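A quick write-up on the structure given underneath.
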Amino acid sequence: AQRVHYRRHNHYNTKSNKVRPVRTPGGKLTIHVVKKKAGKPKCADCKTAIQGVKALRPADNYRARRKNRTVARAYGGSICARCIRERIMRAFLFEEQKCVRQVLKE
Amino acid sequence: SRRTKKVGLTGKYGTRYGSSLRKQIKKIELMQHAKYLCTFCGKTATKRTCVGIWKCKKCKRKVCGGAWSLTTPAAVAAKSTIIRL
Amino acid sequence: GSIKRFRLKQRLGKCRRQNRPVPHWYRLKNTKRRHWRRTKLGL
Amino acid sequence: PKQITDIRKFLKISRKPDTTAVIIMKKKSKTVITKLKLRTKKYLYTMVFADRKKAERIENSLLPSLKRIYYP
Amino acid sequence: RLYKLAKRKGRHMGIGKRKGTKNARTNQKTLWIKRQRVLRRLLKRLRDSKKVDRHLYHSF
Amino acid sequence: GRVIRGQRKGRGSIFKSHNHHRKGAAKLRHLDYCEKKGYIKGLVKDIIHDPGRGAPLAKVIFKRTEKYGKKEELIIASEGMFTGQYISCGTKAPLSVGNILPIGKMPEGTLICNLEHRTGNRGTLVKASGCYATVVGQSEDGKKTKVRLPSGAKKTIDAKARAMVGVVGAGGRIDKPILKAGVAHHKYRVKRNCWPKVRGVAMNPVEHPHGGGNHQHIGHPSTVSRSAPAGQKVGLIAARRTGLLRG
RNA sequence: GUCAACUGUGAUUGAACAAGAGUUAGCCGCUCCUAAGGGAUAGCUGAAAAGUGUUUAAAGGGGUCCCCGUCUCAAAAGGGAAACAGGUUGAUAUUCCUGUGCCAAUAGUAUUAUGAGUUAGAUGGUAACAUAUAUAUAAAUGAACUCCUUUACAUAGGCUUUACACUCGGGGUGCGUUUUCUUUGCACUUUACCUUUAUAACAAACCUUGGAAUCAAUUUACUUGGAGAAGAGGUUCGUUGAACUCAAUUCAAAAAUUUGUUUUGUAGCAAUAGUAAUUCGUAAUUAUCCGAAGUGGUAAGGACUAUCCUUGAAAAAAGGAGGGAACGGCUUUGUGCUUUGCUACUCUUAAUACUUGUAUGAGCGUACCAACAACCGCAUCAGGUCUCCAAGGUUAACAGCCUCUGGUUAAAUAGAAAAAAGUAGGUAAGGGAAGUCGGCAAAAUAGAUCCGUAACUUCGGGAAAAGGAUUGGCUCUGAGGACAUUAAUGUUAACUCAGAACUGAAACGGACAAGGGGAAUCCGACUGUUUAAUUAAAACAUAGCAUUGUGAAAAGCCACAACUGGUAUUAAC
């Protein structure tokens with residue numbers, strides 16, 4: 001076949017240096033170092049990835065259009081829909097329950 | 001079909017080690033991987049994830065527990081004693 | 001190695017320069033000489 | 001490199017100041033077809049013209065001052 | 001290519017010609033998985049086409 | 001000879017604690033007005049493991065008493081407590097599992113942990129897995145309180161020292177035997193270099209007082225005085241008695 | 001160039017000698033961040049030298065008088081702004097050249113143009129959530145103060161998806177064998193970054209509806225469900241990176257701009273570039289560059305499951321949200337504020353002009369060897385020395401044997417002769433351990449399928465026990481799938497199994513590969529480890545058992561001259 005070799009001045013097979021064989025239009029089989037796969041961004045309460053938000057690294061998250069980073073809805077790309085829904089309910093329910101309790105108490 | 005007359009869970013250790021030693025391990029391991037009933041939901045999904053830490057799969061909630069069980073008898077007696085007052 | 005620090009590179013050049021034999025017209029008016037293989041620079 | 005589809009958008013780029021060059025290329029495939037490439041400093045935009053008559057009229061239509069390259 | 005055409009025609013799979021354990025010759029696990037997929041595939045078609053009842057499907 | 005194996009262990013070189021994955025110290029919420037005069041309720045947000053000890057650690061959030069917003073502490077977890085439990089701390093806190101109360105306000109015969117050996121010290125007795133202390137009495141003029149540490153000694157502390165209602169987590173840990181050497185290797189790997197042990201009598205004389213001879217015999221008494229000097233302290237240190245137990 | 005010496009033989013050679021020459025980066029690194037840690041500051045000790053690192057700190061920054069807060073070094077394999085293809089030289093190239101991009105800066109002031117909002121903060125969507133396509137997706141008010149998240153992580157096992165690799169068949173080119181046979185054997189048939197790449201596809205997750213026991217759905221694996229399943233319709237991330245009629249176009253049927261049918265384009269990048277050919281000058285042309293599929297060797301991902309008295313770094317840096325501080329422009333009486341008069345204003349990219357020190361990309365590395373002669377071993381020393389790439393046949397096989405790409409055909413010598421002896425090997429009639437301290441050495445065995453398998457046992461094992469049989473080549477037979485037509489009828493894929501003939505000097509795991517076994521005793525439970533260059537063991541370690549001190553900073557145990565430390569980010573399990 002053909003063989004490949006590192007071109008980027010650090011040849012060890014470390015997690016950030018993983019490498020993908022690719023053929024050139026020169027008919028040469030060459031090597032490319034593919035970027036690191038990145039974690040999904042997670043809800044504050046439940047540590048679970050949130051819809052719409054792209055999983056971009058701290059370099060790529062800076063360059064993308066703003067719409068990719070967040071959700072037009074309450075605590076956006078920082079709390080998920082299920083938790084927010086439950087939280088909104090708590091915020092009403094306890095406030096009523098507290099007022100009732102005070103009225104009862106006197 | 002029925003693999004072992006005795007050994008069960010501790011069969012992994014094989015011909016090595018004392019039978020008495022192995023028996024003592026067998027009781028604790030049977031207890032260890034046992035699925036506890038989760039009193040935050042009513043499913044039998046509570047498992048041990050690390051030495052003292054018990055997670056329910058359904059509730060995604062961490063109960064603090066014993067080394068080899070969800071509840072040690074010492075704690076149960078203490079809990080009851082508190083409850084009575 | 002491939003890489004060097006600048007002081008080290010400059011020094012390696014200095015040694016190389018030092019080797020260069022005595023100029024031929026001067027003899028018409030040597031004893032000390034680095035050779036690479038068996039006589040390491042060490043520095 | 002970017003691919004244009006709208007003839008009007010192509011014309012719109014064509015009028016503008018930083019659109020330095022028009023790079024035009026015509027070739028066989030099986031019959032003749034035309035690739036029209038425009039060179040803006042920011043990008044090289046390409047439009048694929050499948051009919052000679054349209055291509056001929058548009059190549060004529062352009063502002064003539066704008067630089068012209070043929071590959072051969 | 002000639003040898004391979006002959007192997008297709010079944011000519012060198014005899015007991016002496018083999019040189020490895022049966023599981024190494026072909027993996028038992030893969031064979032099972034193949035078979036389970038064939039049986040599941042048939043069942044999904046039978047339920048989708050509505051030519052069995054759900055209850056019968058589940059038992060099968 | 002040369003420095004003996006016991007002495008080398010102390011000296012602050014390689015035998016320093018295996019720091020690296022430890023999650024930070026476990027010490028109670030420090031004493032303030034808000035606790036002293038009442039109660040403060042906090043949230044357990046998480047229970048997290050620790051490479052050092054059997055007990056899990058409990059991630060506790062309070063809201064600050066003189067500044068906006070939430071501040072996180074690490075408490076050592078009582079058995080039977082849980083994520084999303086409200087944890088209460090203070091003089092008026094109710095007797096209930098995993099709350100933090102002054103020992104002066106315990107009813108007798110309660111089981112507790114996280115004793116402060118002297119007040120305000122953020123908890124320093126009863127922290128290892130499955131331990132507990134028992135409260136055994138309150139003096140007539142109050143002010144002092146009598147408790148029992150799990151070793152078997154009775155001790156008298158100030159009343160306003162903290163403790164935590166309920167037994168320490170991870171009970172029964174040494175019930176399970178360690179079957180194979182590698183498990184023991186892994187146990188010590190996250191603690192301190194102290195293992196495998198090496199029998200002193202098998203050493204050369206130069207390294208240790210039991211060394212030498214031709215049958216690995218101890219060759220002189222195995223009990224050495226409390227008064228013994230540094231390199232001499234060998235086998236059974238200052239022992240009251242030797243041989244099997246009775247009570 | 002060249003042969004004084006060296007290149008252990010020769011030598012016109014050469015890693016020798018001589019003369020010149022060569023290393024080009026915003027993107028590849030260093031450079032920045034923190035880790036194990038190091039060195040200092042405050043103290044304090046100490047004659048000093050030094051030993052300590054917040055232990056009596058008026059100490060480094062952020063907001064605009066308040067709030068944070070040791071400094072500094074320590075990764076060329078952790079974290080980490082951004083780059084690829086082709087070509088080119090005697091010697092460099094992700095660095096020069098040509099093309100194409102990408103990333104980061106990009107001051108003030110004034111003009112212009114780009115779109116927003118307004119008569120001080122847009123809309124859609126039931127929802128999950130979606131929305132700016134401007135030469136450019138620029139632009140969707142937001143202070144203090146907060147709260148998160150990404151950065152950012154173990155191991156094992158399988159499953160699955162894509163990529164590359166390999167293979168097969170067909171068309172096209174060239175070449176080869178071509179006595180005989182050979183619709184043949186072989187070669188070539190190329191496609192990058194970049195375009196939030198456009199879409200499709202798929203594992204999940206989530207939503208709307210729906211209301212489930214004769215439980216259901218369901219994976220290789222088990223998982224999941226009234227805390228809402230199946231079903232039906234959706235929304236998103238992640239893989240992927242032109243899949244899919246994708247886009248453009250055409251005609252037919254539509255709405256005051258859609259569905260159906262056709263034509264194009266290797267989706268742009270892209271053929272002008274490569275490669276194989278073919279001619280003519282002696283540079284120029286022409287022709288080619290594409291229809292089906294399989295194997296699963298690599299690598300990445302996905303969804304997962306299991307394992308742990310082990311739970312598997314940190315920050316720099318970036319992002320999101322909570323919160324609601326601040327808020328037209330112009331003219332003007334009066335002390336940024338108040339009342340009068342007027343309406344195109346506030347944002348925001350990009351370009352331009354002018355001033356402001358000279359207003360775009362700093363410095364350093366980049367030759368060559370990397371051992372076979374460039375390293376270390378006193379040297380051109382059969383030694384030692386870190387990482388990635390991984391072709392065909394045979395095969396369990398990245399083994400061993402032979403082969404293609406690529407490399408070499410040289411080793412501190414050659415020829416001729418051929419004896420003892422040596423050394424690395426073969427092989428031996430008949431006997432079969434009689435040799436020897438000692439079956440040491442050597443040999444026998446061995447691959448697989450099918451059978452058969454004891455004492456004893458902690459019931460797990462012993463066990464491949466022991467002990468048998470079979471195995472080639474040929475010619476057949478049976479078994480095992482996938483699709484799509486309206487039960488039958490068709491198209492169509494692999495390799496593995498099982499059975500039967502015939503055939504031969506009874507041979508066939510033919511080479512290579514590859515267990516000697518049994519009956520007992522002694523010691524050591526075991527796996528583990530050790531005397532580097534005389535001892536691998538019965539020594540040592542180990543789990544378990546047993547013992548002892550110690551309740552704490554006036555303690556245990558231990559280090560230090562001293563102050564001070566360590567065990568201790570600890571606490572009787």
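Each chain of the structure tokens is named A, B, ... in the order shown, its residues numbered from 1; ligands are numbered from 1 in display order.
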Can you build me a table of chain F residues sitting at most 12 Å from chain A, with the closest atom pair per residue and its distance in Å to one decimal, using only C-alpha atoms, sorted by chain and residue number, as a Markdown table?
| residue | atom | partner | partner_atom | distance |
| --- | --- | --- | --- | --- |
| F:45 | CA | A:45 | CA | 9.1 |
| F:46 | CA | A:45 | CA | 10.8 |
| F:83 | CA | A:45 | CA | 11.8 |
| F:84 | CA | A:45 | CA | 10.9 |
Up to 6 Å from chain F, what residues of chain G turn up? Count only C-alpha atoms (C1' of nucleotides) and give them as a list in words.
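Written out as asked, the residues are residues 146, 310, 542, 543, 548, 549, 558, 559, 566, 569, 571, 572 and 573 of chain G.
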Considering only C-alpha atoms, extract the chain B residues located within 9 Å of chain F and return them as a PyMOL selection string.
chain B and resi 17+21-22+24-25+28-29+50-53+61-72+74-76+78-79+81-83+85
Residues near residue 43 in chain E, cut-off 9 Å, only C-alpha atoms (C1' of nucleotides), skip fewer than 3 positions along chain, as an mmCIF file with N, CA and C atoms, in the first residue's frame:
data_model
loop_
_atom_site.group_PDB
_atom_site.id
_atom_site.type_symbol
_atom_site.label_atom_id
_atom_site.label_comp_id
_atom_site.auth_asym_id
_atom_site.auth_seq_id
_atom_site.Cartn_x
_atom_site.Cartn_y
_atom_site.Cartn_z
ATOM 1 N N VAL E 38 -31.884 -12.483 12.118
ATOM 2 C CA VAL E 38 -32.792 -13.085 11.154
ATOM 3 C C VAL E 38 -34.158 -13.370 11.753
ATOM 4 N N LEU E 39 -34.221 -13.928 12.972
ATOM 5 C CA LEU E 39 -35.494 -14.229 13.587
ATOM 6 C C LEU E 39 -36.266 -12.970 13.970
ATOM 7 N N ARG E 40 -35.580 -11.943 14.506
ATOM 8 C CA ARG E 40 -36.194 -10.676 14.857
ATOM 9 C C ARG E 40 -36.719 -9.952 13.642
ATOM 10 N N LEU E 46 -43.682 -9.563 10.171
ATOM 11 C CA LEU E 46 -44.962 -10.161 10.467
ATOM 12 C C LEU E 46 -45.872 -9.275 11.286
ATOM 13 N N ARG E 47 -45.344 -8.568 12.300
ATOM 14 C CA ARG E 47 -46.162 -7.609 13.011
ATOM 15 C C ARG E 47 -46.515 -6.396 12.168
ATOM 16 N N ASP E 48 -45.563 -5.844 11.391
ATOM 17 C CA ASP E 48 -45.792 -4.667 10.567
ATOM 18 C C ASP E 48 -46.857 -4.909 9.504
ATOM 19 N N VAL E 52 -49.867 -11.398 12.207
ATOM 20 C CA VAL E 52 -49.888 -12.045 13.502
ATOM 21 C C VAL E 52 -50.553 -11.102 14.479
ATOM 22 N N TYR E 57 -46.913 -12.521 18.766
ATOM 23 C CA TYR E 57 -45.630 -11.902 18.465
ATOM 24 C C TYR E 57 -44.742 -11.835 19.689
ATOM 25 N N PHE E 60 -43.494 -15.327 20.767
ATOM 26 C CA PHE E 60 -42.496 -15.783 19.830
ATOM 27 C C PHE E 60 -41.183 -15.046 19.955
#
Please measure the separation of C1' of residue 102 in chain G and CA of residue 8 in chain A, giving the value in Å to one decimal.
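Here the two named atoms are 17.5 Å from each other.
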Mind checking DSSP for range 36-82 of chain A and telling me the helix (DSSP H, G or I) residues as a PyMOL selection string?
chain A and resi 60-63+66-68+76-78+81-82
